[PDB]
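Following this are structure 1 and structure 2, which are two forms of one protein chain, each written alone as structure tokens.
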Structure 1
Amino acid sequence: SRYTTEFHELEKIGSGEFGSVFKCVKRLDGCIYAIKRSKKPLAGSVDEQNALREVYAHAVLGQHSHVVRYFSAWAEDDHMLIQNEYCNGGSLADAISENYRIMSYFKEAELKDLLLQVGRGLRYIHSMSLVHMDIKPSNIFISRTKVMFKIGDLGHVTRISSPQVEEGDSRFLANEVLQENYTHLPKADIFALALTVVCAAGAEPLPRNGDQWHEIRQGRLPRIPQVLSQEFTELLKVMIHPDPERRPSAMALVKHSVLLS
């Protein structure tokens, strides 16, 4: 196969219903890549159009330092393979879990660094008239050696002015998207990013539904166990404002005083 011929598989680094991700060395350049290998989705299914959204997003998206670089995608032997940039820091989700294990944490400065960098990624995507629609720790990836946060997993990417919306994780989902209101989709990414940072700040696991789910959608910031400045807190707070029009845009976010620099 092209997979075996072009690459040497080093180790499986991720698995799940989405398939599996392998750390691979490309024989030609000797560089490390992350390759997702999954069953070729059923024609007409959500998994197909999910994969369609991923591959067709890079047709629009160029290279950006806060978006995981895409190299190629192909199908063979009833399997689909996507070759991406390898981020040696793994996902933000794993980093959060590792913090919990060894009792470390992200300092307030590091949290603002995370917000700004992913903010820069969102600004570019939005400027291409696209929206990510699934921003969460597991979809944020880390490159080190000196720390670069990159947006990955474009399986939910869709147009701004042509809304075809497949909802993302309910834990990060803005209420207006649930209400089938797609007039301000960029602000949905902003909403999810705030909760993503709140996750990195060491907050308890976000609710999938129920009471405290609604309280968050009311604009209530989840309890954070560490001391953040009231100014950073208020920024995160407005990012989850019930009115998406009061939430800052991505380009307004990256220009914000508390974040710079």
Structure 2
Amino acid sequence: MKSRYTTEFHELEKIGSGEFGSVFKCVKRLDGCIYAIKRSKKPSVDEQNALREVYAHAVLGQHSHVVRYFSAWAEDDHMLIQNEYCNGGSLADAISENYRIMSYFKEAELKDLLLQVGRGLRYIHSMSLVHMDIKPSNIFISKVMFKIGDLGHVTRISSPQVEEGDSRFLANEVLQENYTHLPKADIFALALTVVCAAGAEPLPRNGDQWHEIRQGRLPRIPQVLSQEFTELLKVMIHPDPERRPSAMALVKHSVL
């Protein structure tokens, strides 16, 4: 062996685990910097999916609100991607700590989260790409800076086949195999991500609560928000994708 991975990096800790691969905090020996490196089993259609993640990274390396890519390589029976390390952890971890402490993101902080990820979405979408798995565990924290990561579901905007993202954040039209307005699926997921940050109960994976949200009804939020902000969230989850704002329209919105 003596892996590129082994030879170029000192592995500090495991930071993430999944159905296909783990993420490690590593120090690159030569440059002294810390990176996040995902190491997954080399896969085929599964390989086409794994490569799209690499291709998406290699074109989305220039935005402040998208995790930067450095390198990808294959060795042994594993594929590796070396990304920017965000030292603030995931949004999902911040939200889970807030949950236990009963102190959530305040309206000002929710607006900042919405605007920052909204700018990341505007960049991705400007590249004729959609993310398709926006949720708190795929937003990373680094002024706080929020950065979209996990490009495992990224596809071109006019794709006729799509890999469906997390059920809790999934827009109905996507579940229905209607891919005419893919960018608005990202918008819908961003609104529910902001709801979670606002202190909501864990979102439903299926059943009747799941359908009511998809009717355009915001889950309960345990804090008072301006009507104008609540109304922006509600329109981002409109059952008609064309009524949801585009990312460009979101980032220029008077509420933000």
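The term rigid core refers to the maximal set of C-alpha atoms that superpose within 1.5 Å between the two forms. All residue numbers here follow the sequence of structure 1, with the first residue given the number 1.
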For the list 60, 203, 55, 32, which one shows a CA move of 2 Å or more between the two structures after the core is fit? 60
After superposition on the rigid core, does the Cα atom of residue 163 shift by at least 2 Å between the two structures? yes
Just checking, between the two structures and with the core aligned, does residue 104 shift 2 Å or more at the CA? yes
Report, in Å with one decimal, the C-alpha displacement of residue 11 between the two structures after core superposition. 1.2
Can you give the C-alpha shift of residue 175 between the two structures in Å, rounded to one decimal, after superposing the rigid core? 0.4
